Amino acid sequence: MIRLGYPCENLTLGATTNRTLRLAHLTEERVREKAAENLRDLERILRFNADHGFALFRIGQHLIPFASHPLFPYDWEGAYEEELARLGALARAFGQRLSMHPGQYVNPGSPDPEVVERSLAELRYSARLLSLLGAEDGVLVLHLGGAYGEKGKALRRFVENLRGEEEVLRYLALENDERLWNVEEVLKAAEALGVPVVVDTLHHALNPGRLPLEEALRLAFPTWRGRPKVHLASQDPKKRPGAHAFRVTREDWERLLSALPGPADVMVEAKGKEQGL
């Protein structure tokens, strides 16, 4: 019925795939050491998951820090192809399903050519990384992003800018968000691009449109060739709308389990990570 996962890092290990660098004038060697630490921790996390009943993991965008930037100082695909092949082999042997979820700021439908350009470079890196890991059921999850007034044209720019992106499209799935795009709207975009829909339960509660959760899931599930994916989070009782609690509540778990039309892979999004259950 259900498989489970968590994103980016693991708290009990103190392992993370998401280290970056801030100091000025970075050197190739400083970047390589940070990438090495993120890669070693990805291995630690795959092995931990094999042992602890987790089949899913979202890799941090920073795994190879600044890999999509023009200034990235060496050929990361060449440097890491052998290591990524081995890590991908481990993930397949452990039956783990891998994903990435680019920043809020990756915005292929932006009216600004420089934002679109940065955004597509980040998606191409993410999709290339999943290919190098040999992540066949791998997913690259994306929001529909800003409206900028112009909400029909925004969705039009998004579809247009992505439709030629063959490698991105191999893994791309679209997600509803808490403010701008509900499941019904995202369904329409997903259809245009020929990709699946990931329902985020908390975003759906915050921004449901005219669909009950059970109906959202019933409509989104057939958009998958493989097992459908759902994102489960709980609203933090003290923070702004959409902020995740440290752990998912029994109530929200039970609400999803009741709503489910069939088997699903559930990505748990909580501050407690693997402790977020």
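All residue numbers in this chain count up from 1 along the given sequence.
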Which heavy atom of [X] sits nearest a heavy atom of [Y], and at what distance?
X	Y	value
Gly134	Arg92	O-NH1, 3.0 Å
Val141	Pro102	O-CD, 3.3 Å
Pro111	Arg157	CG-NH2, 3.6 Å
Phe221	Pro261	CD2-CG, 3.6 Å
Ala259	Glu214	O-CG, 3.3 Å
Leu180	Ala147	CD2-CB, 3.3 Å

Please identify which of these residues, [options], meets the side-chain contact (heavy atoms from CB on, under 4.5 Å) condition with [X].
X	options	result
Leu202	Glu178, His231, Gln235	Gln235
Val116	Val106, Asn161, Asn107	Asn161
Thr201	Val230, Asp252, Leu217, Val266	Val230

Please answer whether the main-chain N or O of [Y] pairs with a side-chain N or O of [X] as donor and acceptor at a distance below 3.5 Å.
X	Y	answer
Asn10	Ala15	no
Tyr125	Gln61	yes
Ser234	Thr249	yes
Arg247	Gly276	no

Same apolar cluster (I L V M F W Y, side chains within < 4.5 Å links), [X]/[Y]:
X	Y	value
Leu144	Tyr148	no
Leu213	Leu206	no
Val199	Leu142	yes
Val195	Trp224	no
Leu187	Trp181	yes

* To do: Any chance you could lay out the side chain to side chain donor-acceptor pair (under 3.5 Å) test for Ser126 and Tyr171, step after step, and finish with the verdict?
  => CA-CA 9 Å; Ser126 312; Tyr171 307 103; over 6 Å; no

Any salt bridge between [X] and [Y], counting N to O under 4.0 Å?
X	Y	result
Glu185	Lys188	no
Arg47	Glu43	yes
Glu215	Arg218	yes
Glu165	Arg124	yes
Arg19	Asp41	yes
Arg97	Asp265	yes
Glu122	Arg118	no
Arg58	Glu269	yes

Tell me whether the count of non-hydrogen atoms from other residues, nucleotides or ligands lying under 6.0 Å of [atom1] in [X] goes above 12.
X	atom1	result
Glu191	CD	no
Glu28	CD	yes
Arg30	CZ	no
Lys151	NZ	yes
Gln275	CD	yes

Could you check whether any side-chain heavy atom of [X] comes within less than 4.5 Å of a side-chain heavy atom of [Y], counting everything from C-beta outward?
X	Y	result
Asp177	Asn182	no
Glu175	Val197	no
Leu260	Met1	yes
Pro108	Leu123	yes
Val31	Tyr74	yes

* Ring center gap for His203 and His143 short of 6.0 angstrom -> yes

* To do: Evaluate the ring planes of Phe48 and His52, with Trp represented by its six-membered ring, and classify them as parallel (under 30°), tilted (30 to 60°) or perpendicular (over 60°).
  => parallel

* Report the C-alpha separation of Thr17 and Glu9 in whole Å, then their side-chain angles, then the decisive distance to 0.1 Å, and conclude whether the side chain to side chain donor-acceptor pair (under 3.5 Å) test is met. => CA-CA 6 Å; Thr17 55; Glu9 67 173 307; over 6 Å; no

* Asked: Does the side-chain contact (heavy atoms from CB on, under 4.5 Å) test come out yes or no for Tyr105 and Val115, once each step is laid out?
  -> CA-CA 8 Å; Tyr105 80 91; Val115 173; over 6 Å; no

* Result of checking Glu81, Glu166, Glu77 against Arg128 for salt bridge (charged side-chain N to carboxylate O under 4.0 Å, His left out) -> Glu77

